[PDB]
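Protein chains in written order, with PDB author numbering: chain F, 11 to 286; chain E, 11 to 286; chain D, 11 to 286; chain G, 11 to 286; chain C, 11 to 286; chain A, 11 to 286; chain B, 11 to 286.
In this text, a Cβ means the ideal position worked out from N, Cα and C, and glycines have one as well.
Okay, structure first, notes after.
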Amino acid sequence: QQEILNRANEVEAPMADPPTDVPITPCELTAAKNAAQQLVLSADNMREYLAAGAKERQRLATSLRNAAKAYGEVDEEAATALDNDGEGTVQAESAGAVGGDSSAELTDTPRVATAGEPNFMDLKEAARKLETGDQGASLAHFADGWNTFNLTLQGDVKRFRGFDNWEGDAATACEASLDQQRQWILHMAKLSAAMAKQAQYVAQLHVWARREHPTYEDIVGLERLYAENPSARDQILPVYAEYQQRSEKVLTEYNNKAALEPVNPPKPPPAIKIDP
Amino acid sequence: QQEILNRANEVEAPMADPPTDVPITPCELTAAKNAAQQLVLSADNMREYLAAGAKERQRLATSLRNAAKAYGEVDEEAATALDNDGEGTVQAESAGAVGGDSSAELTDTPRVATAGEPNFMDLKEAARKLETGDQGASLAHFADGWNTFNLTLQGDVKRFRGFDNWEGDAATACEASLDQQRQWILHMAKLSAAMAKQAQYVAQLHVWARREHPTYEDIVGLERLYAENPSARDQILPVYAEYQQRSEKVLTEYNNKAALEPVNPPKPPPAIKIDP
Amino acid sequence: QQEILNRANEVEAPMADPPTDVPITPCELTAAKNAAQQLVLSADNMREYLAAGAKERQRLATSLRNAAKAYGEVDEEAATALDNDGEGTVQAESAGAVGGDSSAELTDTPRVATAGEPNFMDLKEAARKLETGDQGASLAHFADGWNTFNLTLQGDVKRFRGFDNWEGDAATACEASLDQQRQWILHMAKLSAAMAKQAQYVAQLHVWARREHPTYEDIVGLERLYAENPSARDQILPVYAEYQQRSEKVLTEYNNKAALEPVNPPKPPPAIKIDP
Amino acid sequence: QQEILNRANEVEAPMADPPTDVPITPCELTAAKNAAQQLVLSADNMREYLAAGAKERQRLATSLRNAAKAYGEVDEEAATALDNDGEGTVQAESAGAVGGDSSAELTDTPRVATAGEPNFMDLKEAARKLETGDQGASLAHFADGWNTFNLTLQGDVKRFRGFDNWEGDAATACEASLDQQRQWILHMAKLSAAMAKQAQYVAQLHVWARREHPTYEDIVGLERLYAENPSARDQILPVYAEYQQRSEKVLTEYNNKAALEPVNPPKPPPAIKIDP
Amino acid sequence: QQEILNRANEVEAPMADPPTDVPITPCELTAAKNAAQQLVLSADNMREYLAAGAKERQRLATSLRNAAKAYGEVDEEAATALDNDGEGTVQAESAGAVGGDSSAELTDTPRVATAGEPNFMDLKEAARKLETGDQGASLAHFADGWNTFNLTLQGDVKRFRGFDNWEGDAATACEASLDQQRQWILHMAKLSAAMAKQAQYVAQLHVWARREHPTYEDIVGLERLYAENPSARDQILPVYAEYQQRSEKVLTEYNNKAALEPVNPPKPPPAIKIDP
Amino acid sequence: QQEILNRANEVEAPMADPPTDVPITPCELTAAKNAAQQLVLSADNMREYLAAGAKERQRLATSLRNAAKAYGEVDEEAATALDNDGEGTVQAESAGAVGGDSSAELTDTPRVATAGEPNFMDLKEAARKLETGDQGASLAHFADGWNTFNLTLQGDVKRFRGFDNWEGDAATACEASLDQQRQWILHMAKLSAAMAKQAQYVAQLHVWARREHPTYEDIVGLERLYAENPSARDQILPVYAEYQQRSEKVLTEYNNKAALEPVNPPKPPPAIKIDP
Amino acid sequence: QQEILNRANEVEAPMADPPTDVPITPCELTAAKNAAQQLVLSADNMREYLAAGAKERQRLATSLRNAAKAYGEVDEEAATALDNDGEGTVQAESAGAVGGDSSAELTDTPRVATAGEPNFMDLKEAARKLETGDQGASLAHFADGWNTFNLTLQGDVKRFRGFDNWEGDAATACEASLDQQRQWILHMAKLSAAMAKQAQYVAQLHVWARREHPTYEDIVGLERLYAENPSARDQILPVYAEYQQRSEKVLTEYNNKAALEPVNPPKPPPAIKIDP
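Put into structure tokens, the structure is as follows:
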């Protein structure tokens, strides 16, 4: 009996609280906002599916506990029958059958699509809008956290690898479903890795965009230095144009290279019912 | 009952409006026009096939709803039969069979072939004809949009992955047809990617052609600078010839490298009828 | 009935008129002439086989139309039988069997072999004989056209991919033969590509030969410049010899590298007869 | 009989005492501490599992000895029976069946997770905190020892490769379980190699971090040299900033590149019971 | 009947006269002579086997014609029988069986082995002996011709690809033997390619040997220039020695690198007899 | 009979005396000593196993000779029986069965493990301790000898490849066991190669260690040259330190790169008994 | 009958006399002598096995001739029987069975092992001992000859590829054994190639050794030039030492790189007996 309960406790091992949310700092770029919304919604779906997973972890626990509960009812009847036979009391009762319990529901969230064509931005406009925010440290730590959670899910799969001293049909069925939950949590670990990589692709391009896009300090240089003589003004407008071209170029590379693939987790294997 | 209706609603999820048309700006080049016509006709076929797809999405919805409608008729008869048996009224009626509903038709459009031999163009002719149009931003955004729609079709396939609590022959058949529509929409996503790539091949060559083909500013240079002394005039005609050779060379590379493969989408899997 | 006729019309879709002939301009080189004759004869065989193909396209059309004609005869008899049974006229007639129609013949053309050993040519001889012709633009456009026709045959295969609402043995047989004609036209598209590539190998070597073979302008230089002093005349003959060696070298490379493989198309799948 | 005992002695061959613990010296870095805790806990699990392994080595010994003990009981009865038959004493006794003995329990230890986001450190802070500890010699020798223990486990597997002159069902079963223990010890040798490699990945990054991270001697240089004139002070703050950036950069590389995979050993194959 | 005769004519298509013989010009080198003898004997065997091939081409023709002849005898008897039955003349005759005709014999030629060790030659000896002959143009054109004959045999295989309107056992057997002759002629085309390549290996080394071996003009230089002062005579003998070493070196490379593999053609598939 | 004896002699072919022992000269390095002990113990096991191999070579000889001896007993009885039947003496005797003979025992030697952490050595300490010994010529010749013995064992396998004119069950069994001994000796040849390679890995590192480790002559230079002025003494201690670092570095590389894998030979296939 | 005799003659085709012996000139090097002895003994075994091969070639000839002889006896009896039946003489005789003839024996030669450790040689000692012999021309021509004999054996296999007009069990058996002898001679051709390659490995190292080992002319230079002043004598001994080191180095490379693999030919397939 207790062996079932020990394993029920194992599959109830509290999942470590998952990674935190993703502020992206005041980086006023449409593309950055769209990529961020996609990363956040994928993260939300993962934490929603892990909640149902936890219910299934708990259902396997509960299935072990309600198999044990149902079997507790059976054992009380068996002990009663043994006392009736030992004492020689009254007519023995006919055999029957007993079931187990229930699961969880997942929220159907929306996904964010990017613009069919990003709006054209001015040089110093974009330089300023990128300049007022950060280096992407918030996203970077999101990616870091989400990546370290690969291993926490991978570690959590290990709670479903087996059970002690339990045989019948219910035992066989539970073994299979523990293995399914084991593998599923591992899969969620892999999905964790996938999203972390997508977050890294975005962060890598954020950095690339800051490295190549004209900086606000370059805008300051354009304001402080100025070749105002007529024939030199004819060179200034090209100076501006070269930086404007770099702005367009770099924002385009960000728009393309920061593209990411949506995460679509499978539902956790529903435990099936307990055989009697 | 409602489970069928919930899934019928899922497969009715409105497809996002598809990408817009392709102006190519006043770039007066025969080759550009032919490539453009091919890209447009392929896009038209894709949106035509997606309309029938949407009808099939709706037919799977409708098949679920008319399976449910037909079954609604069955359940009303069943409930009536139960009331007749409970009350002890009149003779029970003989069993029969009931079907479901219909689909959509695709337009057979023409496809555009290129010239068997492009016409020879003069240097400044071609320079001017390319110069008066744009950089291919319209086509580039077509390619961008069409490429982002890969993922919207890929996302839309997910509405056909399953159903809740429905068993019989009709249920089995619908599952298979939902999977077929799922995979087909995914295929259309892949065709979206294919066309976007063909549009990119054209756009890449458009850019290459502008980078290598003598520019109208080079024509301006040929008009403003002119080595008019006799023995130097004997060098001017070679200056002209070198640019004329580059014109021919580059237009030839455009003619070849901007070639593209026609898109030929398969029809959406027609849902088959509902079993009774 | 009409469904058969609609598909019969589809397989009658006029094949675009095939590419034009190959003048090679007055480039008086034996090797060029032999390569050209081989390319022309292969092109002739392809257009001859496509004519029988068109007859088979038409025979599949005609097979659909004469299946329909034969079935028209059957349906008139069936309708007549129904009127006889409805009215109660005279004795019903015994069942029988009805066939369909015919095909096309291909011309057995000769193929041209090259010389077992090309004749030795003089420097200025060969320079002049190459100089009087063109750059191979005619052949280049042949290759271009023949290559664009790959896609027109590949497009034409699509007219044989299917049929609507027709079942029996004749229907099954026609489906198979439509697929065979489909694939065959595709094969002809591939043969089109093959010949275009062989034409390109010849054109590439033509260009290479003009780039490396001493030009007639080099002959003009040899006539205008001349180191006539005795000990310098002893250097002139080596000048001549070096160009003569280049002539021999380059013509040899043309002779080898412009070699091409003969095209040998398979006959179009003959449609088999209509079952009754 | 003795052959069983000789092999029982073989599988009792004392396992060499395993590698020692891992002090990491006063290197006050959170990341170093977390990596160290993970390496230590993996080492503890390996030595815990090897203790149960040793019990199973001893159980195979004991299984051979208690098979021999049980068989000793059998042989005493057999000899007694032979004396009864030789002398012609009393009625022979009925045959029965005899079993064997028991195993070991493994401690369920906790595993250490790293921080979701490491804390930002100051230049000279981190330089000092790394500077006060060592070169990682303790960890390096841990890795060395743990790696040399690969071969001691690999050597210890060889004690379970076979047995002499023993046939029945018990013999067959023991052979299989000796092979399982053989292979398991080899597996533990491989796990030894795995952990040694993870320790090496940490040590390699420790060294890399010391090579690239600004040293305390660089901090001494920053304190001793100082361009105190106003416009040069405007360069000093950048000097500081460049080293601060290197500090951040290098600690980040340590945080990432010193990441390691947890070791999760399988339990030693439990010997099954002795057949009679 | 005529269909058999049409195909009999096809397989009689005259094989183009094969390539000519191989003079090697007065290049007095033992190695050159041995390589040449091997190439010639392989060529002779190929033309001998092609003669039997032509007999088998003719036998397939003849087998078609004598199947037709034998069948001609059968048809005359059949027509006679029909006239006897139509008129009602005399007793019908018993059925029997009729055969067909014969083939060709190949000459068993000797093959030439090279010397077990080539004789040592003097510098100017070898220079002169190579100098008096040509550049290997004769061999080069042999190789050219033999190589162009690959395609003539490959073309000739096509005459054996099929037959029109002929069914029975004899027809089936002939089809198989036509395919065998088809493939065999193709094989002979491949053997043609093989020998051409061996001839090319020899020709390539001939050229290499002339490029590296001291030329007779180098011998002329050694005779015209001569550092006759005592201590310079001590340098002249080394000048001689260096060229003598190059002579030995180069002749050795020719001896090795011009080695070639003997051609050993299979006999043409003998047509088997005609079934009645 | 004699055929068995001829083959018995073949399998008795004296194995060449195996390679000699491994002095490592007075190179006072712990690591060198440990590597040497491992190489020696592996060599001892190989020569111990080859002694049992030789017993099995001799047992196959002996099995052939005692099969022949046992058969000699059989043939004497057969000849006796023939004389009894020819003469008509007395009652024939009943048939029976006869066996063959025995094998060899291998010494269970200890294996040497390396230190869990090598002791830190001083610069000139280690330089001197390496300096007083040799270049590893003794080990090098051990490796040489052991490697040439690969081929002597490989040659010795050939004595077990077959037998002449011997049929029955005993013959079949012996053939199989000769093949097993053949292959085993080959395996021992491969083990010879393995150890030679391990000895070479050690010797290669010995050389590397002498090439990179500061030499005693470098110590002599450190004693003879000495920048004794105060501020130069501040450079001398760094001179010392650089060499001390090289000492540590190089000894560490020796410790790692001279690591080797223990040899573990399989026992020679025991010949099984002779069938009668 | 004659067809058997024609093929018997074919398999008797005289094998070309094999390559000659290997003098190695007075190159007084132990290693050279050992390598030479190994090459010679392998060559001897090959020519010994080819002699038995020739006996088997002759036995296949003889088997064809003694099958024919035995069949000659059969045919004389058959003809006699036919005359007895034609004339009506006396009682026909009972059928029986007739066999065929015999083979050859191979010499069991010794093989030469190299020294377990080559003796240390002095600089000028070794220089002189190499200097007094040749360039390895004798060995080189051995390798050349042995290599050209690859093709003579490969050519000789062709005499065993088939037979004309012979059917029964004996015919089938002979066909198989001719194919076995065919393939075996080919194998011997491959063994010829193998030994030639081993001879080439030795010759290549001989040359390498002469190129790198100090020459006797270098010894002459050491005797003629001599920096006799005290402090320069301290440089002379190093001059000597550098050449002595090169001597040791190069002789070691010869000792290793000139190592070769012994050739071990299989016996020629013994023809089996003729069936009657």
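- The three-state reading of DSSP puts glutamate 271 of chain D in coil, since its state is none of H, G, I, E or B.
- Spatial neighbours of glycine 143 of chain F in its own chain (CB-CB distance under 8 Å, excluding positions within 5 residues in sequence) are listed in chain order as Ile34, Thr35, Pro36, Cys37, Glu38.
- According to the DSSP assignment, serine 148 of chain E belongs to the alpha helix (DSSP H) that extends over 147-166.
- Only those residues of the segment 168-185 of chain F whose C-beta falls short of 8 Å from the nearest C-beta of chain G are listed: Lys168.
- Here the segment 43-53 of chain C does not lie against the segment 102-117 of chain C, with fewer than 3 beta-carbon pairs under 8 Å apart.
- Judged by beta-carbon spacing, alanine 91 of chain D lies beyond the 8 Å limit of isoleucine 284 of chain D, meaning their Cβ atoms are not closer than that value.
- In the structure shown, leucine 116 of chain F falls within a coil segment according to DSSP collapsed to helix, strand and coil.
- Proximity of chain B to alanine 26 of chain A at the Cβ level (cut-off 8 Å) is accounted for by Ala123, in chain order.
- In terms of beta-carbon proximity, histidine 151 of chain F lines the interface with chain G, with at least one pair separated by less than 8 Å.
- Within 10 angstroms of the beta-carbon of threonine 72 of chain F lie 16 or more other beta-carbons, which makes it buried.
- Excluding its 5 nearest sequence neighbours in each direction, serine 187 of chain D has C-beta neighbours in its own chain below 7 Å: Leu70, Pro279, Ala281, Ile282, listed in chain order.
- Straight-line measurement puts the Cα of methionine 205 of chain F at about 9 Å from the Cα of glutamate 271 of chain F.
- Counting C-beta atoms within 10 angstroms of its own C-beta, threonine 119 of chain E has fewer than 16 neighbours from the protein chains shown and is therefore classed as exposed.
- DSSP, reduced to helix, strand and coil, places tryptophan 194 of chain A within a helical segment of the structure shown.
- Scanning its chain for C-beta atoms nearer than 8 Å, with the 5 sequence neighbours on each side dropped, one finds around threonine 40 of chain C the residues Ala125, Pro128, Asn129, in chain order.
- Per the coordinates, the alpha-carbon of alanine 62 of chain A lies some 34 Å from the alpha-carbon of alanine 268 of chain B.
- From the listed residues E/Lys43, E/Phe170, E/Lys207, the smallest Cα separation to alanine 64 of chain E is found for E/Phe170.
- Scanning its chain for C-beta atoms nearer than 6 Å, with the 5 sequence neighbours on each side dropped, one finds around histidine 216 of chain D the residues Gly146, in chain order.
- Contact between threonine 162 of chain F and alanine 213 of chain G fails: their C-beta atoms lie close to 25 Å from each other, not under 8 Å.
- About 23 Å separates the beta carbons of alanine 137 of chain C and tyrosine 211 of chain C, which is beyond the 8 Å limit, so they are not a contact pair.
- By the CB criterion at 8 Å, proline 29 of chain F and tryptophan 156 of chain F fall inside the cutoff.
- Contact of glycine 143 of chain F with chain G is not assigned, every C-beta pair being separated by 8 Å or more.
- With respect to chain D, the C-beta atom of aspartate 31 of chain C has no partner C-beta closer than 8 Å.
- Those residues of the segment 96-113 of chain B placed with their C-beta closer than 8 Å to a C-beta in chain A do not exist.
- Against chain F, the beta carbon of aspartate 154 of chain E has neighbours under 8 Å at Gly126, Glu127, listed in chain order.
- Secondary structure at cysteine 37 of chain C: coil, using DSSP grouped into helix, strand and coil.
- Around the beta carbon of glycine 110 of chain D, 16 or more other beta carbons sit within 10 angstroms, so the residue counts as buried.
- Of all residues in the segment 155-166 of chain G, only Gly155, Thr158, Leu161, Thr162, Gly165 place a beta-carbon less than 8 Å from a beta-carbon of chain A.
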